[PDB]
Amino acid sequence: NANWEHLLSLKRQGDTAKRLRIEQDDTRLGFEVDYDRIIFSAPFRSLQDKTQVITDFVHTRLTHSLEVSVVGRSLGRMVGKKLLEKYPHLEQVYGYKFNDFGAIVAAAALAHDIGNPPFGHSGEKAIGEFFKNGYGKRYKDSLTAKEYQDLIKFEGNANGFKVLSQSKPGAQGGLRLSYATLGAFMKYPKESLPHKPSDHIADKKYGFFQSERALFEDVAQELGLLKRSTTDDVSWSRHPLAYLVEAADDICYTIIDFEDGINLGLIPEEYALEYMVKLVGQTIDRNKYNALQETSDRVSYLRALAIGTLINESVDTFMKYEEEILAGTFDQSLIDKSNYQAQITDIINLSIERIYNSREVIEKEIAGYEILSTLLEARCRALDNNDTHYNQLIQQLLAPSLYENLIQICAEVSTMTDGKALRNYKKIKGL
Amino acid sequence: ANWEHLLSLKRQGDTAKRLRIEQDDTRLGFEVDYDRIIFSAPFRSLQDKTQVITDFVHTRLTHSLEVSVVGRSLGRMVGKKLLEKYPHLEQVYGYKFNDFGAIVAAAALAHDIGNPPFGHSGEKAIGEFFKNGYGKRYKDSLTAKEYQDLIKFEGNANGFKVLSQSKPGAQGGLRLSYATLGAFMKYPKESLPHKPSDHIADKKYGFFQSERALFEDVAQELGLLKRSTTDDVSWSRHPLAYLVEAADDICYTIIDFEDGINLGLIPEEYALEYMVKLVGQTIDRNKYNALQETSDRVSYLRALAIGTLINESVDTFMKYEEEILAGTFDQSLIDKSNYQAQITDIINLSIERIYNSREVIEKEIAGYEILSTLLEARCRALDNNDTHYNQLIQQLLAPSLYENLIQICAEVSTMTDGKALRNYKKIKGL
Ligand SMILES: [Mn+2]
Ligand SMILES: [Mn+2]
């Protein structure tokens, strides 16, 4: 069974001595510094020019990441305060405070989208398609089964972990986030294989590439995560705070996708109160709602309330199943146990029908397949014959072990802004 | 002046006091303020608002987030020292060091939220419209202060308006805590008199006549010191305003320099030359030399210089803490820095190579045309709301005379750079 004293590790990669919570300066608390390191990092700043499914210029992945980190800070503060009541020795002996849990969830949430390719899950699938059926199929017999699985099922979560921890000359350990933050980041503590060994949400995807396996082994050992398999296919039970990072993300994309689609016209405004009345009625001020004269103001009032309702419930679900999560025996997400799962489901379904299957979004994702394939092919052909005049040009333009080279090409194409990607694609194509 | 009152948790419309000891620690009013700004439409609109350069990767949103991060750190470090200097603030009123960081962080997060597009040129295009352009005609129908609001339109005062604008069903706007609004107020003065002293608090003004009564309520709750010797009102800065200003000062000095270097406008060699004193005692030379990319090298130096400037600003603040509390502090915290010469060399280099570059002058020249055109259409429709064309302009751009003109200026100010150009193009047929 896992221990909250080890799960709240302040260790950073390469540390030679232990970091005790009591001995920290509260003005420079490890977990809070993690948040700043992310805000100021080049991968986070690049989210300015990375659009979500809809490209209205005011629907960015930076805003999503920001709002997920805010909701995440709330979730972790409230759970953190209840956990210190249950296990008083964590504050009495180890010096932990409730804002520590707030900070861990907030930093992991803030970073949760940092490694995703452009164009959504279509972007991930364009990359996988490239190595499964495109030019990149040629590498299959030179890679291990799990190196190849990293590629053909390329996963933005796992690319995220690489962005946060990648060593470079003069920058060992990447952003060097606290291990507790890295533990909460990891929604899927498993390798690419075996694929979907169970129906648990933690088994649905994978969380780290082969290139990062040794790194997460260090994190998992320090946190004391529970070994879920020892069959040479490593996987662990989720760090408890990872459920809150997931819940914050789930809450935001459920409610705020709905809001956005109402504002963009894709969802008639009538559905707003219809799908959300159960989630708001115990807290809504009817007088205030009927005075608001603008649709955007009405639906954002409803969204603030729906999000408040879901945070409060998610805290309760965590505390109820707290011992099962600590044992690694909790099989669902926090949101899967919500009493509003009927309402959440109808919301998600309407959002899919009217937004994610809208003609604009389908078009952006189809063009994304072509943009990502073209960039991957220019990179891989340059890797294969670095001697030609053209491939040396391509090398100066796009990038000035075989598996490490391929995964790095994937990481770099994935972290390109939409601006650099399209401009470089157009250049390659003569447009 | 008393830190008990300066740290007020009041929200607009309140009928009873808000005791710090009775706040829920997971719903603290100062931290709620941050989240309200983060989720607000005006803050989201900074996504499509460019700063000096249009690279899509230098937005007013990223600047606002980084100023707020540097402000949280300042508020935090200063807060602990204030609480150790004034222990009754914690043992009696229940304030905590994280409270100062939250106030500074919220005020800093919002500090650019009312700024017009196209930078300081945007502000001057709005003023010229009312001083010598079409808007000149209203001068005889407005008090001196009402007109001065227009001819010297100020992004800072527009930000206060945005944070507090009442609308049906939304009294008080974001309803931020009064301590946060105090921390936001860099220029607690009205548009007149114009630059009374050479003090930075008097270089600009901070609230329009439309918001004068709101800030009067704020200044009274917080117990700010009236420094005005006339009917013209003026207050000494809320002490935390010095930290909000310092966070902004540190970020635009160092990060503009970093941006200019990474963009290509400033040669790389100037990085170490201009920042060696700011980083000499904390830089790891082997780490630096091991960094291969210039971007990563300048990021390292930027993090180091900000670290030095934050520490020095905290020390400066506590050194002059009683003078700031008494409203007798005459400078910015960064004005008192030992690296004033390095800072000035850095600012003057950025001015020469970034702010006067051809690409920035053209954007500003174009910004003038865009803002003047939108202002004239809205004002002509205000004057003759009866014609078919002016009703059309009313539906597209906006679906008491001073109230109407200050509103038109606020709306033109908060338009994204994108909406400004598109609406400008429709008004011109493209
Ligand atoms: Mn997300
Ligand atoms: Mn600024």
# chains A, B, ... in the order shown; residues from 1 in each chain; ligands from 1
>>> residues_near_ligand(ligand="ligand 1", cutoff="9 Å", atoms="only C-alpha atoms and all ligand atoms", output="PDB file with C-alpha atoms, in the first residue's frame")
ATOM      1  CA  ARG A  61      -4.684  25.468 -25.836  1.00  0.00           C
ATOM      2  CA  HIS A  64      -7.456  25.464 -21.788  1.00  0.00           C
ATOM      3  CA  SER A  65      -4.269  24.667 -19.956  1.00  0.00           C
ATOM      4  CA  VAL A  68      -7.501  23.364 -16.225  1.00  0.00           C
ATOM      5  CA  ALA A 109      -2.637  20.170 -14.941  1.00  0.00           C
ATOM      6  CA  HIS A 112      -1.018  18.243 -19.305  1.00  0.00           C
ATOM      7  CA  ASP A 113      -1.364  19.441 -22.942  1.00  0.00           C
ATOM      8  CA  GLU A 246      -7.749  14.093 -14.837  1.00  0.00           C
ATOM      9  CA  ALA A 248      -9.962  19.013 -13.687  1.00  0.00           C
ATOM     10  CA  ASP A 249      -9.352  18.296 -17.373  1.00  0.00           C
ATOM     11  CA  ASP A 250     -12.588  16.256 -17.712  1.00  0.00           C
ATOM     12  CA  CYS A 252     -13.202  21.787 -18.211  1.00  0.00           C
ATOM     13  CA  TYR A 253     -13.485  20.166 -21.612  1.00  0.00           C
TER      14      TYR A 253
END
>>> residues_around(residues="residue 74 in chain A", least_positions_apart="2", cutoff="9 Å", atoms="only C-alpha atoms", output="ChimeraX atom specification")
/A:69-72,76-79,102,105-106,311 /B:26-27
>>> residues_near_ligand(ligand="ligand 2", cutoff="7 Å", atoms="only C-alpha atoms and all ligand atoms", output="ChimeraX atom specification")
/B:63-64,111-112,248,252
>>> closest_atom_pairs(of="chain A", to="chain B", cutoff="6 Å", atoms="only C-alpha atoms", output="JSON lines")
{"residue": "A:27", "atom": "CA", "partner": "B:77", "partner_atom": "CA", "distance": 5.8}
{"residue": "A:48", "atom": "CA", "partner": "B:57", "partner_atom": "CA", "distance": 5.8}
{"residue": "A:49", "atom": "CA", "partner": "B:56", "partner_atom": "CA", "distance": 5.9}
{"residue": "A:58", "atom": "CA", "partner": "B:47", "partner_atom": "CA", "distance": 5.8}
{"residue": "A:77", "atom": "CA", "partner": "B:26", "partner_atom": "CA", "distance": 6.0}
{"residue": "A:169", "atom": "CA", "partner": "B:290", "partner_atom": "CA", "distance": 5.6}
{"residue": "A:170", "atom": "CA", "partner": "B:290", "partner_atom": "CA", "distance": 4.6}
{"residue": "A:288", "atom": "CA", "partner": "B:169", "partner_atom": "CA", "distance": 4.7}
{"residue": "A:291", "atom": "CA", "partner": "B:169", "partner_atom": "CA", "distance": 4.7}
{"residue": "A:292", "atom": "CA", "partner": "B:169", "partner_atom": "CA", "distance": 4.9}
>>> write_last_selection(atoms="C-alpha atoms", output="PDB file, in the first residue's frame")
ATOM      1  CA  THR A  27       8.809  31.495  -0.370  1.00  0.00           C
ATOM      2  CA  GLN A  48       0.032  30.784 -27.725  1.00  0.00           C
ATOM      3  CA  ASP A  49       0.093  29.752 -31.405  1.00  0.00           C
ATOM      4  CA  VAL A  58      -9.649  33.147 -28.997  1.00  0.00           C
ATOM      5  CA  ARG A  77      -6.551  22.539  -2.157  1.00  0.00           C
ATOM      6  CA  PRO A 169      23.647  19.478 -22.898  1.00  0.00           C
ATOM      7  CA  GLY A 170      23.641  21.982 -20.033  1.00  0.00           C
ATOM      8  CA  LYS A 288     -29.287  37.340 -11.689  1.00  0.00           C
ATOM      9  CA  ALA A 291     -31.244  40.059 -15.813  1.00  0.00           C
ATOM     10  CA  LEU A 292     -28.230  39.079 -17.950  1.00  0.00           C
TER      11      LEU A 292
END
>>> closest_residue(among="B:10, B:238, B:161, B:194", to="residue 407 in chain B", atoms="only C-alpha atoms")
B:161
>>> closest_residue(among="A:124, A:166, A:198, A:180", to="residue 152 in chain A", atoms="only C-alpha atoms")
A:124
>>> decode(residues="range 207-241 of chain A", atoms="N, CA and C atoms", output="PDB file, in the first residue's frame")
ATOM      1  N   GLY A 207       1.802   6.151 -20.943  1.00  0.00           N
ATOM      2  CA  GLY A 207       2.246   7.419 -20.414  1.00  0.00           C
ATOM      3  C   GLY A 207       3.689   7.779 -20.684  1.00  0.00           C
ATOM      4  N   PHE A 208       4.526   6.830 -21.118  1.00  0.00           N
ATOM      5  CA  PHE A 208       5.910   7.178 -21.406  1.00  0.00           C
ATOM      6  C   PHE A 208       6.464   6.306 -22.522  1.00  0.00           C
ATOM      7  N   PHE A 209       7.332   6.924 -23.320  1.00  0.00           N
ATOM      8  CA  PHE A 209       8.040   6.273 -24.400  1.00  0.00           C
ATOM      9  C   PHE A 209       9.155   5.398 -23.837  1.00  0.00           C
ATOM     10  N   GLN A 210       9.653   4.484 -24.680  1.00  0.00           N
ATOM     11  CA  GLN A 210      10.805   3.703 -24.265  1.00  0.00           C
ATOM     12  C   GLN A 210      11.961   4.614 -23.887  1.00  0.00           C
ATOM     13  N   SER A 211      12.129   5.723 -24.622  1.00  0.00           N
ATOM     14  CA  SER A 211      13.246   6.611 -24.320  1.00  0.00           C
ATOM     15  C   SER A 211      13.159   7.201 -22.915  1.00  0.00           C
ATOM     16  N   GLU A 212      11.979   7.187 -22.284  1.00  0.00           N
ATOM     17  CA  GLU A 212      11.784   7.802 -20.978  1.00  0.00           C
ATOM     18  C   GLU A 212      11.517   6.769 -19.897  1.00  0.00           C
ATOM     19  N   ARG A 213      11.534   5.475 -20.241  1.00  0.00           N
ATOM     20  CA  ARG A 213      11.160   4.448 -19.273  1.00  0.00           C
ATOM     21  C   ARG A 213      12.059   4.483 -18.044  1.00  0.00           C
ATOM     22  N   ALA A 214      13.387   4.520 -18.244  1.00  0.00           N
ATOM     23  CA  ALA A 214      14.281   4.540 -17.087  1.00  0.00           C
ATOM     24  C   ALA A 214      13.989   5.742 -16.197  1.00  0.00           C
ATOM     25  N   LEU A 215      13.577   6.857 -16.802  1.00  0.00           N
ATOM     26  CA  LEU A 215      13.281   8.062 -16.045  1.00  0.00           C
ATOM     27  C   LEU A 215      12.046   7.872 -15.183  1.00  0.00           C
ATOM     28  N   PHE A 216      10.968   7.331 -15.759  1.00  0.00           N
ATOM     29  CA  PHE A 216       9.787   7.147 -14.926  1.00  0.00           C
ATOM     30  C   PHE A 216       9.978   6.053 -13.885  1.00  0.00           C
ATOM     31  N   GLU A 217      10.812   5.040 -14.166  1.00  0.00           N
ATOM     32  CA  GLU A 217      11.175   4.061 -13.141  1.00  0.00           C
ATOM     33  C   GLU A 217      11.734   4.748 -11.887  1.00  0.00           C
ATOM     34  N   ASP A 218      12.630   5.725 -12.071  1.00  0.00           N
ATOM     35  CA  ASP A 218      13.159   6.497 -10.945  1.00  0.00           C
ATOM     36  C   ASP A 218      12.036   7.210 -10.182  1.00  0.00           C
ATOM     37  N   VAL A 219      11.164   7.908 -10.917  1.00  0.00           N
ATOM     38  CA  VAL A 219      10.027   8.609 -10.326  1.00  0.00           C
ATOM     39  C   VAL A 219       9.133   7.629  -9.565  1.00  0.00           C
ATOM     40  N   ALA A 220       8.801   6.496 -10.194  1.00  0.00           N
ATOM     41  CA  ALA A 220       7.876   5.556  -9.571  1.00  0.00           C
ATOM     42  C   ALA A 220       8.471   4.957  -8.307  1.00  0.00           C
ATOM     43  N   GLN A 221       9.759   4.590  -8.350  1.00  0.00           N
ATOM     44  CA  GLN A 221      10.420   4.050  -7.164  1.00  0.00           C
ATOM     45  C   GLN A 221      10.412   5.039  -5.994  1.00  0.00           C
ATOM     46  N   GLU A 222      10.721   6.313  -6.260  1.00  0.00           N
ATOM     47  CA  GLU A 222      10.798   7.331  -5.212  1.00  0.00           C
ATOM     48  C   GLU A 222       9.428   7.589  -4.585  1.00  0.00           C
ATOM     49  N   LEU A 223       8.422   7.876  -5.417  1.00  0.00           N
ATOM     50  CA  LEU A 223       7.041   7.968  -4.968  1.00  0.00           C
ATOM     51  C   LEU A 223       6.564   6.708  -4.268  1.00  0.00           C
ATOM     52  N   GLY A 224       7.179   5.561  -4.552  1.00  0.00           N
ATOM     53  CA  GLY A 224       6.653   4.302  -4.065  1.00  0.00           C
ATOM     54  C   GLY A 224       5.345   3.891  -4.704  1.00  0.00           C
ATOM     55  N   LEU A 225       5.138   4.217  -5.975  1.00  0.00           N
ATOM     56  CA  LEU A 225       3.963   3.720  -6.680  1.00  0.00           C
ATOM     57  C   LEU A 225       3.921   2.194  -6.645  1.00  0.00           C
ATOM     58  N   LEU A 226       2.708   1.648  -6.642  1.00  0.00           N
ATOM     59  CA  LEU A 226       2.531   0.207  -6.503  1.00  0.00           C
ATOM     60  C   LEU A 226       2.707  -0.483  -7.856  1.00  0.00           C
ATOM     61  N   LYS A 227       3.582  -1.489  -7.899  1.00  0.00           N
ATOM     62  CA  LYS A 227       3.814  -2.240  -9.131  1.00  0.00           C
ATOM     63  C   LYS A 227       2.539  -2.977  -9.520  1.00  0.00           C
ATOM     64  N   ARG A 228       2.028  -2.713 -10.719  1.00  0.00           N
ATOM     65  CA  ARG A 228       0.757  -3.326 -11.179  1.00  0.00           C
ATOM     66  C   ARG A 228       1.092  -4.537 -12.047  1.00  0.00           C
ATOM     67  N   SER A 229       2.336  -4.617 -12.509  1.00  0.00           N
ATOM     68  CA  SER A 229       2.792  -5.776 -13.312  1.00  0.00           C
ATOM     69  C   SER A 229       4.296  -5.964 -13.112  1.00  0.00           C
ATOM     70  N   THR A 230       4.779  -7.206 -13.130  1.00  0.00           N
ATOM     71  CA  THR A 230       6.240  -7.476 -13.043  1.00  0.00           C
ATOM     72  C   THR A 230       6.589  -8.454 -14.167  1.00  0.00           C
ATOM     73  N   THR A 231       5.804  -8.451 -15.243  1.00  0.00           N
ATOM     74  CA  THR A 231       5.980  -9.434 -16.339  1.00  0.00           C
ATOM     75  C   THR A 231       7.000  -8.928 -17.349  1.00  0.00           C
ATOM     76  N   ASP A 232       7.861  -7.987 -16.951  1.00  0.00           N
ATOM     77  CA  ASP A 232       8.879  -7.368 -17.850  1.00  0.00           C
ATOM     78  C   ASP A 232       8.172  -6.267 -18.636  1.00  0.00           C
ATOM     79  N   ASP A 233       6.857  -6.211 -18.509  1.00  0.00           N
ATOM     80  CA  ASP A 233       6.081  -5.111 -19.111  1.00  0.00           C
ATOM     81  C   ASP A 233       5.701  -4.312 -17.879  1.00  0.00           C
ATOM     82  N   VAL A 234       6.391  -3.214 -17.632  1.00  0.00           N
ATOM     83  CA  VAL A 234       6.216  -2.466 -16.393  1.00  0.00           C
ATOM     84  C   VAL A 234       4.957  -1.617 -16.474  1.00  0.00           C
ATOM     85  N   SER A 235       4.260  -1.528 -15.348  1.00  0.00           N
ATOM     86  CA  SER A 235       3.195  -0.559 -15.151  1.00  0.00           C
ATOM     87  C   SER A 235       2.967  -0.438 -13.653  1.00  0.00           C
ATOM     88  N   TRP A 236       2.493   0.729 -13.234  1.00  0.00           N
ATOM     89  CA  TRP A 236       2.249   1.016 -11.832  1.00  0.00           C
ATOM     90  C   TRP A 236       0.812   1.481 -11.637  1.00  0.00           C
ATOM     91  N   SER A 237       0.442   1.539 -10.364  1.00  0.00           N
ATOM     92  CA  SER A 237      -0.874   2.095 -10.005  1.00  0.00           C
ATOM     93  C   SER A 237      -0.720   3.614  -9.982  1.00  0.00           C
ATOM     94  N   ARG A 238      -1.753   4.336 -10.384  1.00  0.00           N
ATOM     95  CA  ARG A 238      -1.661   5.802 -10.536  1.00  0.00           C
ATOM     96  C   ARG A 238      -1.351   6.510  -9.232  1.00  0.00           C
ATOM     97  N   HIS A 239      -0.535   7.549  -9.310  1.00  0.00           N
ATOM     98  CA  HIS A 239      -0.314   8.412  -8.139  1.00  0.00           C
ATOM     99  C   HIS A 239      -1.681   8.992  -7.810  1.00  0.00           C
ATOM    100  N   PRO A 240      -2.165   8.934  -6.563  1.00  0.00           N
ATOM    101  CA  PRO A 240      -3.523   9.426  -6.251  1.00  0.00           C
ATOM    102  C   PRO A 240      -3.841  10.801  -6.816  1.00  0.00           C
ATOM    103  N   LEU A 241      -2.904  11.753  -6.769  1.00  0.00           N
ATOM    104  CA  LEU A 241      -3.199  13.100  -7.260  1.00  0.00           C
ATOM    105  C   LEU A 241      -3.451  13.135  -8.766  1.00  0.00           C
TER     106      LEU A 241
END
